[PDB]
Amino acid sequence: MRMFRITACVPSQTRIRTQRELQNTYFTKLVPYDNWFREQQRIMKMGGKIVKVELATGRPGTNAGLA
Amino acid sequence: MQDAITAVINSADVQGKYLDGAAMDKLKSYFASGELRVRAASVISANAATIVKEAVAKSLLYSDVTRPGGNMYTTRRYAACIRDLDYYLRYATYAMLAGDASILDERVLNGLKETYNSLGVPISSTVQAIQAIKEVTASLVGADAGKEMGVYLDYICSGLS
Amino acid sequence: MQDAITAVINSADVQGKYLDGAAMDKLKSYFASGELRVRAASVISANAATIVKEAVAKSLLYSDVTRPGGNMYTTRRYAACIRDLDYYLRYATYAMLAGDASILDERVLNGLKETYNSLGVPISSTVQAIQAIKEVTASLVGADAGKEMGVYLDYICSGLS
Amino acid sequence: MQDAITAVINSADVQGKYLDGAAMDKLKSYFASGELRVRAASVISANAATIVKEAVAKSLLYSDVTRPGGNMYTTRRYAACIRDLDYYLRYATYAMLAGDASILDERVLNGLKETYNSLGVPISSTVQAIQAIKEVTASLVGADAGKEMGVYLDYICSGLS
Amino acid sequence: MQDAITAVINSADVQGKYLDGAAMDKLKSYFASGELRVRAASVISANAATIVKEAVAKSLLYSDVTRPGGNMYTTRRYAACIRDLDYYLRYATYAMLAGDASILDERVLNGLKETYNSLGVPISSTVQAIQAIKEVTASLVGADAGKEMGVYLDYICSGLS
Amino acid sequence: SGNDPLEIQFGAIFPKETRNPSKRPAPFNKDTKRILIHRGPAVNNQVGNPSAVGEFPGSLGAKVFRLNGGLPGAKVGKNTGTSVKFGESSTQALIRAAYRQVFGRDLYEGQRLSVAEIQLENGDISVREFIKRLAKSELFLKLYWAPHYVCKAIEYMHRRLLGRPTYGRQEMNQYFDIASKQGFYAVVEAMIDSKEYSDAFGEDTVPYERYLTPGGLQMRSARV
Amino acid sequence: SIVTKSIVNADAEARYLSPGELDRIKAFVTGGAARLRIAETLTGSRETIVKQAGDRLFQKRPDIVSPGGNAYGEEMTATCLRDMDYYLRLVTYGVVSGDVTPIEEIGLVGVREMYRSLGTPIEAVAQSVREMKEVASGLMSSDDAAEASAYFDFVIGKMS
Amino acid sequence: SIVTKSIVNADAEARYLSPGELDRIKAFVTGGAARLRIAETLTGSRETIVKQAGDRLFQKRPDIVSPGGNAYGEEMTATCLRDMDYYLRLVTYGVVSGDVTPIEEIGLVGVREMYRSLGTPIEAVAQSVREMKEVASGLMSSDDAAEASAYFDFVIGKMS
Amino acid sequence: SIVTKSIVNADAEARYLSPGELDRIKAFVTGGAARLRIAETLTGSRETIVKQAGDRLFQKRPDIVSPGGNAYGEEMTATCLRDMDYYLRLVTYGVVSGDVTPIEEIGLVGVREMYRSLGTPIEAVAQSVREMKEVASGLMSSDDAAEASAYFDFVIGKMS
Amino acid sequence: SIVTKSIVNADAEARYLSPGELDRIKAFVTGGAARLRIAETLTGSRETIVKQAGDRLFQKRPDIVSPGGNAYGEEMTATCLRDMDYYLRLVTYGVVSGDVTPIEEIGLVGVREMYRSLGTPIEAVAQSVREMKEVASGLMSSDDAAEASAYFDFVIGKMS
Ligand SMILES: *[C@H](C)[C@H]1/C(=C/c2[nH]c(/C=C3N=C(/C=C4\NC(=O)C(CC)=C4C)C(C)=C\3CCC(=O)O)c(CCC(=O)O)c2C)NC(=O)[C@@H]1C
Ligand SMILES: *[C@H](C)[C@H]1/C(=C/c2[nH]c(/C=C3N=C(/C=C4\NC(=O)C(CC)=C4C)C(C)=C\3CCC(=O)O)c(CCC(=O)O)c2C)NC(=O)[C@@H]1C
Ligand SMILES: *[C@H](C)[C@H]1/C(=C/c2[nH]c(/C=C3N=C(/C=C4\NC(=O)C(CC)=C4C)C(C)=C\3CCC(=O)O)c(CCC(=O)O)c2C)NC(=O)[C@@H]1C
Ligand SMILES: *[C@H](C)[C@H]1/C(=C/c2[nH]c(/C=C3N=C(/C=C4\NC(=O)C(CC)=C4C)C(C)=C\3CCC(=O)O)c(CCC(=O)O)c2C)NC(=O)[C@@H]1C
Ligand SMILES: *[C@H](C)[C@H]1/C(=C/c2[nH]c(/C=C3N=C(/C=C4\NC(=O)C(CC)=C4C)C(C)=C\3CCC(=O)O)c(CCC(=O)O)c2C)NC(=O)[C@@H]1C
Ligand SMILES: *[C@H](C)[C@H]1/C(=C/c2[nH]c(/C=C3N=C(/C=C4\NC(=O)C(CC)=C4C)C(C)=C\3CCC(=O)O)c(CCC(=O)O)c2C)NC(=O)[C@@H]1C
Ligand SMILES: *[C@H](C)[C@H]1/C(=C/c2[nH]c(/C=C3N=C(/C=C4\NC(=O)C(CC)=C4C)C(C)=C\3CCC(=O)O)c(CCC(=O)O)c2C)NC(=O)[C@@H]1C
Ligand SMILES: *[C@H](C)[C@H]1/C(=C/c2[nH]c(/C=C3N=C(/C=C4\NC(=O)C(CC)=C4C)C(C)=C\3CCC(=O)O)c(CCC(=O)O)c2C)NC(=O)[C@@H]1C
Ligand SMILES: *[C@H](C)[C@H]1/C(=C/c2[nH]c(/C=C3N=C(/C=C4\NC(=O)C(CC)=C4C)C(C)=C\3CCC(=O)O)c(CCC(=O)O)c2C)NC(=O)[C@@H]1C
């Protein structure tokens with residue numbers, strides 16, 4: 001199925017974390033198509049910044065045969 | 001997110017000064033229009049779906065966008081665009097209540113342009129759709145509060161374009 | 001992913017017209033060739049473990065690739081290369097059953113060149129391994145089916161080239 | 001990440017030979033410096049918060065960064081900076097104990113330059129902060145051990161700048 | 001969980017007393033047996049699959065349990081019993097190292113009877129398999145340490161029966 | 001009482017209504033929160049301290065697995081070779097623990113999702129996505145969802161993915177509504193994409209047992 | 001398509017196709033000429049199906065054509081005929097594919113959110129496909145109608 | 001602000017603001033004029049509050065200003081007067097917003113680690129805010145002082 | 001205990017103990033006589049350490065003992081000496097275990113919430129253990145003191 | 001190496017190296033010459049250890065070298081002794097490092113998937129290293145043999 005390769009930077013606001021957090025701060029991850037709307041909202045509500053969005057798998061304007 | 005109160009606090013916090021006379025009047029102006037911002041959101045919340053209902057019919061429907069070949073032909077794409085415009089109208093109302101457009105830069109415009117470009121979503125059509133929302137939002141609410149909403153809806157348009 | 005039927009449907013859906021005779025000819029072509037597509041797939045799936053084993057032996061084994069200094073020396077790296085060619089055979093079967101090579105682009109060839117360049121995986125050694133798979137499969141299924149299988153195995157070679 | 005022992009193992013594993021006399025002396029050289037590396041690590045560990053204390057006062061404190069408008073003004077952003085310099089000190093200790101700057105690449109400078117540009121953390125100020133760490137450490141552990149620490153702290157600086 | 005050290009500490013803590021001569025002697029007895037426990041655990045660790053192999057062979061294999069109608073018939077249920085005895089031996093090793101059977105009650109025997117009854121697992125057949133482990137472990141490890149392991153394996157048996 | 005599973009390492013074991021009748025009905029209303037014992041510190045309970053939800057149990061509860069260390073082949077520092085890359089056993093132990101959280105026990109040879117494992121190892125997907133994929137697996141459907149009562153299967157899934165029994169009706173009815181309309185896969189999706197999951201476990205954190213039922217802790221710590 | 005549905009199910013478990021899965025594709029590909037015959041009949045008399053079933057909907061539920069309804073006027077009636085023409089097109093794509101995925105991806109997923117924003121009763125659209133099934137079954141042979149109605153009934157089931 | 005909290009709670013549930021929540025906003029809006037009056041009195045006498053409470057801290061805790069202490073010298077006392085000016089400024093931001101969030105965000109998160117790096121005792125800064133509360137409650141009306149004390153006690157509560 | 005830590009780590013990974021973990025216990029088992037030597041030294045002169053560190057605390061911090069303080073009175077000072085006697089007992093359990101678990105489990109977790117409820121200054125209790133460290137260090141050998149200091153600083157570090 | 005493993009363990013808890021962990025490296029560094037001596041003896045007699053244990057394997061398991069087996073043939077017997085040459089090389093890296101990671105990394109991780117692909121019995125490779133242990137114990141001192149066995153048994157346990 002079609003997926004997004006997205007880069008996001010989420011900083012900590014609530015607590016100072018003594019452990020290594022660089023992997024969960026600035027990351028580039030692949031997300032499913034149906035999950036991206038929930039994922040983008042999660043980054044936005046936490047107070048993060050989306051760097052780059054690209055459609056890694058699939059092609060724009062797929063009517064049938066996207067799964 | 002940053003509100004109008006929070007923005008005045010933050011602006012004075014940058015210089016490191018106390019809330020001066022210029023900062024005090026900016027707060028008082030927001031507190032004066034506070035009742036106006038509450039009633040406007042109450043009208044929006046009453047008929048939130050109704051704005052999205054007619055805005056597609058005014059601009060997008062019976063056009064090449066909804067026609068086979070367009071990016072709003074399928075039910076899935078239609079339900080996506082309906083959702084988008086519903087979220088666009090919701091976050092504009094949030095910006096109207098807060099009195100700041102910093103929420104818009106954080107909660108919508110933060111990585112939507114490159115999302116739309118990657119999916120082949122036409123930028124011209126979506127701007128026209130939010131423009132179709134703008135005047136009908138002003139019609140349902142009023143002239144003073146509709147102009148307030150008209151700024152934030154245009155702020156989404158300027159960010160996407 | 002897109003197969004042969006879905007590609008015909010999608011090409012008919014973009015124009016918005018029904019299944020025309022010109023588009024029907026490609027359906028008849030798939031329904032005739034599908035007898036060869038199923039038969040060969042059942043043979044490949046049967047000997048899946050032995051096809052890889054035979055191909056690795058004649059191409060990769062007892063060479064400088066598997067020798068210390070190569071990229072296929074470490075047991076972790078060996079098991080990874082076995083895993084890769086297990087995927088390469090499986091996804092080529094999927095493409096052969098589908099009648100389209102879009103699946104290979106959709107799952108396999110997505111971020112494969114950049115990963116292989118970063119890890120320092122030899123391009124020439126991988127191609128020769130898939131070419132070894134091609135010759136083993138063609139000797140097992142037949143001349144017509146092996147050529148048909150060999151198209152997708154050359155497509156995955158050219159994509160990694 | 002690899003240490004000085006692991007680097008000797010890796011180099012011998014590349015050729016696929018047993019540990020040669022050249023690699024044998026490399027191990028004994030590390031075991032000769034091993035007493036110095038453990039001793040210095042214990043001093044840094046004991047005065048971990050103490051080193052950072054002198055480092056910030058020398059470079060960062062009483063500047064525009066700590067002053068309103070700066071990036072180290074906020075109490076959260078100050079506590080993050082102490083924490084950052086707590087990382088830079090601990091990982092330099094890790095690199096010193098290992099005898100290789102492989103940990104500083106895979107963990108520290110994996111995506112540090114990317115996140116610092118994203119947040120808007122000034123590179124010039126933080127490099128000077130690690131340079132302030134360098135002088136405090138070398139004064140504490142000694143000239144011999146501070147030379148080793150000075151290399152790795154420069155390696156953090158060079159990777160970031 | 002608590003080991004022999006923690007059990008002495010907890011008992012002294014409950015009373016609210018410092019570690020007296022009786023408490024110190026209980027620790028000294030554990031440190032005397034500490035060399036016996038570590039060496040025993042390393043033997044079990046090395047021959048982990050081997051103990052389970054000769055446990056099933058003695059008691060379970062070539063019986064009505066293995067044959068159709070029995071519980072350990074299917075490959076799914078066979079690998080389940082192998083895993084079970086692998087878990088039983090490992091947790092007996094933990095209790096052997098700790099010098100207390102507190103881990104067995106916390107992580108194994110906590111509602112293990114109710115689990116085995118509901119599934120329809122024979123208690124008598126399982127006990128015999130753990131009894132088979134005991135004899136195999138004692139023959140492998142030694143007399144004193146094999147007795148030590150035999151106590152906690154009996155503790156599993158007593159909690160199951 | 002039948003909807004409560006036994007608090008054990010693996011295996012969804014439920015009291016059967018038919019086999020040995022021990023059904024104990026109690027009139028529970030909607031807004032009825034169940035008192036749950038935290039595995040870690042008693043102060044770190046989210047009922048009284050909601051800020052301390054993502055606080056790790058320090059030798060009181062379960063061991064936390066995190067992808068703190070750098071994954072092998074992240075940066076092009078270790079060029080071509082470096083056969084002894086030390087950060088490799090740590091991520092493999094994380095995978096095994098991630099398998100152990102979704103499925104209580106370690107799986108067999110032809111059960112491990114190899115595609116999902118290597119994507120995590122390459123750094124294509126986060127742990128949150130990896131846990132989701134293991135719970136969206138057809139094996140998890142077959143082993144825990146299909147053979148069990150719908151709400152029993154929901155309850156056990158919540159005790160595996162969040163490491164917490166459901167507080168009451170409000171949460172149980174939510175996932176049961178998703179189970180009716182959307183299906184099993186969306187229930188998995190909802191439990192992972194929940195805010196409480198994100199607060200307790202990050203993108204790199206493997207889930208763990210956070211809260212126990214009083215009856216479950218009694219089985220653990222009221223023996224001889 | 002039934003080929004794609006088989007592949008994605010096999011890829012999810014990370015395995016080759018099942019003996020049953022391969023047999024189903026074999027049964028589909030042999031009966032592909034029969035599935036093409038169903039399509040050719042439905043594409044040929046496409047305008048007669050939607051017109052009759054449309055009129056049969058309007059006599060059953062006249063509240064649609066009556067004022068206050070969604071499809072009021074000759075323009076909106078033509079839109080309703082077009083909607084049914086679009087759905088008949090989806091069935092023809094469904095029968096040739098051998099799966100309901102093409103019907104889902106275009107005109108089933110997010111349909112309840114669509115007709116809500118249009119203000120169209122979805123149960124009336126469900127009843128329109130019911131009538132479309134009835135006319136199509138009477139048009140072509142019963143052995144082919146049973147296969148055609150099976151895909152029609154899914155469209156009804158997902159709509160209602 | 002409570003406007004910030006309301007939107008956060010609304011967006012989390014993916015819904016518009018409830019009439020109960022909207023009633024809270026408009027009531028805060030009406031009470032915002034009174035909240036601005038409290039801030040004006042605090043910023044009007046920002047010099048006299050800090051200097052009096054600063055001196056009262058030096059009388060209660062002489063070891064602070066004594067040689068060997070942290071705040072010894074003309075430079076080090078100036079930083080302590082700066083710190084108390086900063087924390088008073090945080091209170092003025094707190095009373096305007098009608099919330100403890102802008103205090104928490106800017107100058108009340110990781111403060112325990114902040115002063116530990118400097119070597120400043122956290123108990124002494126907790127006392128300084130408590131002294132600032134007493135002067136603010138004395139100079140300014142009691143009804144508004146009880147409102148202001150809620151923000152002061154929040155600082156002390158986080159400090160200790 | 002380090003034995004407990006090694007088993008818990010092996011339990012979580014669901015594997016037999018690592019040869020590195022087995023050697024870690026083996027080194028602890030052999031070096032257990034040294035740990036019991038430090039424990040007996042602290043146990044033997046428990047009344048000497050508490051009395052010395054008590055007086056040294058009350059001279060450095062007079063405010064806790066002075067009228068209005070938390071530990072003012074003959075009964076309140078006796079509780080404070082009892083508190084340190086508890087903390088010194090916690091140290092002896094830590095040295096024996098060879099791990100900072102028993103000190104954390106019994107008398108470190110929920111100490112901040114405890115002393116806030118009682119009205120005890122937390123930094124003064126941090127000073128009390130720091131005085132207990134100083135007396136204990138000058139009553140045993142340099143190698144014995146350095147090993148004991150690791151547990152003492154853990155009590156100080158967590159409370160501070 | 002043990003120094004690297006101690007770093008990884010410390011970084012996992014996000015803390016500095018433990019005094020016990022620092023002494024563990026110190027004990028390794030001081031006794032570095034004795035542990036490196038083991039590698040020298042295994043390197044010097046790298047031939048006669050493989051030849052003898054190889055011959056021991058073919059007497060202990062004659063089925064693998066028998067026709068139909070994996071190691072049957074002149075070439076297949078050669079690569080088996082070549083494999084045993086690789087496994088001994090892993091041990092020499094292991095006894096130098098002071099950790100079981102270098103043995104695990106090169107030739108122990110994903111070894112089950114490798115030998116299954118080649119059609120090699122994993123239990124027979126477990127017996128080959130078992131015989132390599134027995135020759136190593138004979139050609140070395142008792143203290144050196146017991147040290148080497150800890151690394152040999154790790155290869156045994158992971159194999160079977
Ligand atoms: C409607 C005005 C036009 C239109 C919409 C459209 N958008 C998508 C795709 C997505 N929309 C978003 C955008 C957002 N990200 C956010 O965080 C927010 C705010 C909460 C929004 C609105 C996202 C995430 C997607 C990705 C897919 C998804 O649905 O989650 C589509 C689908 C693209 C496709 O071709 O499949 C569409 C149709 N496009 C038009 O043509 C209208 C004029
Ligand atoms: C064998 C033909 C040659 C070879 C292969 C090799 N591959 C890896 C590692 C990876 N390969 C992939 C690629 C894929 N991901 C997928 O999901 C699929 C199927 C769709 C493929 C083909 C990825 C992402 C990995 C995993 C990354 C990891 O190793 O953690 C390796 C190991 C790389 C290393 O050095 O660590 C190897 C060796 N290289 C050869 O030598 C052969 C010629
Ligand atoms: C102090 C030297 C300078 C400074 C600090 C500063 N840092 C941040 C934010 C982050 N810092 C890091 C870095 C790391 N986290 C890790 O995990 C590691 C590896 C072990 C390091 C080195 C990251 C990733 C962040 C993000 C936040 C987080 O918690 O991870 C800030 C911004 C704080 C904010 O959120 O606003 C600041 C200010 N800036 C200066 O002025 C000093 C020169
Ligand atoms: C013959 C093809 C190969 C072979 C066979 C072999 N098997 C065993 C031992 C057992 N086999 C099984 C397996 C099953 N029992 C079941 O119920 C099922 C599922 C339907 C299977 C597949 C079991 C459980 C046993 C134990 C005996 C028992 O049933 O009680 C042996 C004996 C080995 C031993 O003594 O341990 C043998 C020889 N071995 C080969 O090498 C052949 C290629
Ligand atoms: C082997 C000695 C005998 C045997 C075993 C057997 N076990 C199962 C399945 C399960 N085993 C357990 C029990 C445990 N859960 C725990 O927490 C622990 C302690 C760590 C144990 C040992 C559970 C929960 C199950 C259920 C399924 C699962 O694996 O999660 C089976 C299969 C039963 C089935 O029908 O599924 C079997 C056969 N039975 C025998 O015949 C041997 C005498
Ligand atoms: C104090 C009056 C007495 C006392 C208390 C005590 N309680 C615990 C542990 C727990 N307390 C609860 C109970 C609640 N949590 C809730 O949600 C509610 C309803 C609002 C209550 C009242 C729970 C759940 C626990 C377990 C830990 C946790 O917080 O999750 C303890 C500790 C027990 C232990 O050994 O861990 C104690 C001591 N006991 C006394 O001695 C007092 C008379
Ligand atoms: C007839 C069965 C019922 C009816 C019809 C009706 N529909 C609309 C609105 C639209 N419906 C469509 C069509 C589709 N979009 C899709 O994604 C698919 C699947 C391929 C279909 C079938 C569209 C695009 C529209 C919008 C209009 C346009 O073409 O731009 C209307 C118009 C409603 C209005 O007033 O705007 C009507 C009348 N109405 C009924 O009451 C019948 C039961
Ligand atoms: C007076 C109440 C106490 C005191 C004062 C004191 N402070 C410092 C150092 C600093 N104080 C701060 C604090 C802040 N500045 C900010 O921007 C914020 C966020 C709003 C706060 C809370 C900081 C960051 C510094 C660093 C100096 C700088 O601004 O560059 C000192 C000097 C410490 C030293 O020795 O270097 C002193 C003396 N100390 C006391 O004893 C009083 C209780
Ligand atoms: C002897 C103990 C057993 C045995 C040996 C055997 N091995 C192969 C094939 C290969 N061996 C390896 C493995 C390794 N290379 C490494 O880098 C390491 C780790 C350091 C090892 C151990 C490899 C890569 C191969 C492939 C061939 C090659 O060397 O290029 C065979 C041949 C298999 C075949 O039939 O083709 C054999 C016979 N087999 C036994 O029966 C013994 C138990």
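In each ligand, atom 1 is the first atom listed, and ligand 1 is the first ligand listed. Quick note: numbers below take in every heavy atom, side chains included, and nothing from hydrogens, waters or symmetry partners. Numbers restart at 1 for each chain; the letters A, B, ... are given by sequence-line order, proteins then strands.
One N or O on the side chain of E:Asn10 and one on the backbone of E:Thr6 form a donor-acceptor pair closer than 3.5 Å. Listed for the H:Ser117 side chain is no donor-acceptor partner under 3.5 Å among the backbone atoms of H:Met114. Side chain of E:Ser139 to backbone of E:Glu135: a donor-acceptor contact under 3.5 angstrom is found. The backbone N or O of J:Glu123 lies less than 3.5 Å from no partner atom in the side chain of J:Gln127, so there is not a single donor-acceptor pair. Of the possible donor and acceptor atoms, one in the side chain of F:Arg210 sits under 3.5 Å from a partner among the backbone N and O of F:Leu162.
Between D:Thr74 and ligand 8, a contact under 3.5 Å exists for no N or O pair. In terms of polar-atom proximity, H:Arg82 is counted as a contact of ligand 8, with an N or O under 3.5 Å from an N or O of the ligand. Polar contact check, D:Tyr62 against ligand 8: a nitrogen or oxygen pair lies under 3.5 Å apart. For ligand 4, the polar-atom distance check against E:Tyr73 finds a nitrogen or oxygen pair separated by under 3.5 Å.
Contacts with ligand 8 closer than 4.0 Å are made by heavy atoms of both the backbone and the side chain of H:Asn70.
When the shell of 6.0 Å around NZ of F:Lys33 is examined, it contains more than 12 heavy atoms from other residues, nucleotides or ligands.
Enumerated by chain and number, the residues approaching ligand 6 to less than 4.0 Å through a heavy atom are F:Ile35, F:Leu36, F:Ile37, F:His38, F:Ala42, F:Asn45, F:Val47.
A side-chain contact (heavy atoms from CB on, under 4.5 Å) with H:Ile103 is found for one member of H:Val91, H:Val109, H:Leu108, H:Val95 and no other, namely H:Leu108.
To the nearest 0.5 Å, atom CD1 of residue B:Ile9 and atom CD of residue B:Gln2 are 9.5 Å apart. Here F:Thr166 contributes atom OG1 and F:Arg159 contributes atom CZ; the two are 7.0 Å apart, rounded to the nearest 0.5 Å.
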- Task: Tell me, with the steps shown, if H:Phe154 and H:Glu104 meet side-chain contact (heavy atoms from CB on, under 4.5 Å).
- Result: CA-CA 9 Å; H:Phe154 182 84; H:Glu104 186 76 24; 3.3 Å; yes
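Short contacts between ligand 8 and H:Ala124, defined as distances under 4.0 Å to a heavy atom of the residue, involve ligand atoms 43 (C). Below 4.0 Å from some heavy atom of H:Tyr87 lie the following atoms of ligand 8, by number and element: 22 (C). Near H:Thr79, meaning under 4.0 Å from one of its heavy atoms, ligand 8 places the atoms 6 (C), 31 (C), 37 (C), 38 (C). Taking every heavy atom of H:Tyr86 and a limit of under 4.0 angstrom, the matching atoms of ligand 8 come to 15 (N), 16 (C), 17 (O), 18 (C), 20 (C). Set against the non-hydrogen atoms of H:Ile64, the atoms of ligand 8 under 4.0 Å away are 41 (O). For ligand 4, the atoms lying closer than 4.0 Å to a non-hydrogen atom of E:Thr66 are 28 (C), 29 (O), 30 (O). Residue E:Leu61 has at least one heavy-atom neighbour below 4.0 Å for each of these atoms of ligand 4: 26 (C), 30 (O). Less than 4.0 angstrom separates some heavy atom of E:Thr75 from each of these atoms of ligand 4: 19 (C). In summary, the atoms of ligand 4 found under 4.0 Å from a heavy atom of E:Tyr78, numbered by their order in the structure, are 24 (C). Atoms of ligand 8 found under 4.0 Å from any heavy atom of H:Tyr115, numbered from 1 in the order shown, are 13 (C), 22 (C).
In this structure the side chain of D:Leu61 reaches within 4.5 angstrom of the side chain of H:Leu118, judged on heavy atoms. Within the 4.5 Å cutoff, the side chain of D:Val52 has heavy atoms near those of the D:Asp86 side chain. With contacts defined as side-chain heavy-atom distances shorter than 4.5 Å, the pair F:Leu36/F:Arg164 qualifies.
Sorted by first and then second residue, the pairs that involve residues 34-57 of chain F and meet ring-ring contact (aromatic ring centres under 6.0 Å, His included), not counting sequence neighbours, are F:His38-F:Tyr211.
Residue contact check for ligand 8: D:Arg67 places no non-hydrogen atom closer than 4.0 Å to it.
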